[PDB]
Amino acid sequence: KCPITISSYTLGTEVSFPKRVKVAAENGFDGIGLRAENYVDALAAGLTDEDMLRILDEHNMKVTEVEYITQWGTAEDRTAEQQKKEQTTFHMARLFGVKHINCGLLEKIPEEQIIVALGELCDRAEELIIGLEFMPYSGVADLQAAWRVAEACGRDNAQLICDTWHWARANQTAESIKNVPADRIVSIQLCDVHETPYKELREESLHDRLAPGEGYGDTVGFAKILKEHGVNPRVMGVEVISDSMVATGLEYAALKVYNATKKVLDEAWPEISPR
């Protein structure tokens, strides 16, 4: 089993929790992703952990993705708020029954420092899996780099996330997955890329992604690579971060990315496609 999950950013940063759940459920998703910010907003709106569980249950829904841990690479970055965010994701994962937490490292630090910091983060995570996400503009720039550091840290909960946008913008291929044990890839996130990159790649990534297979990043070929390598993702996230789609409509966004996801997985991995 692999829950088709609408990732947090796919619905923006404003929508209430109950609307997020409802829009997801109405559009055929098995789960939602939640950022710590979304969770804090819900608490600020007077919702409790308990109420969030009830609402999910009311829509036959689950939170299946928890994110996003960053700013863990250096002593100066690991501030009290950083550490609060870490702790908040850990609690969120336990609460909602999620086994892994999405993680990225923006800071371009020497890799030996990354190995050590990653090990420490996995220690902090205890039973939870750290899903380290490579990104072309980050301190872990491609899949080989992510595997190198996860491997070297020597914690079994150091695992890997493949997000189509990052895969395509880091120009990854079939060879990128070489020597990466399939069972180390904890999740997959689907979307697609514009033909022409932004000047600032990080702006593009957070503002102007395309729906799966509607772009120039061979989402279909990407899914097939991971499938054939023997990856068994815990979640199939759909992470299409698009200010334009959200501005058009949440329902619009949700329908558009579901239909696109179904198109790609029908072709590439029918056994887990939504049905």
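In case it trips you up, residue 1 is the first one in the sequence shown, and so on.
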{"property": "Residue range whose averaged C-alpha B-factor is higher in the record, 174-182 or 123-131", "result": "174-182"}
{"property": "203-211 or 39-47, whichever carries the higher mean Cα B-factor", "result": "39-47"}
{"property": "Out of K84, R94, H166, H100, highest CA B-factor residue", "result": "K84"}
{"property": "Entry-reported Cα temperature factor of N27, expressed as the chain third it lands in", "result": "highest"}
{"property": "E67 - which third its CA temperature factor falls in, relative to the rest of the chain", "result": "lowest"}
{"property": "Modelled-residue ranking by C-alpha temperature factor, third containing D142", "result": "lowest"}
{"property": "Where the record places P136 (Cα B-factor, split into thirds across the chain)", "result": "middle"}
{"property": "Record-listed C-alpha B factor of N157: chain third", "result": "middle"}
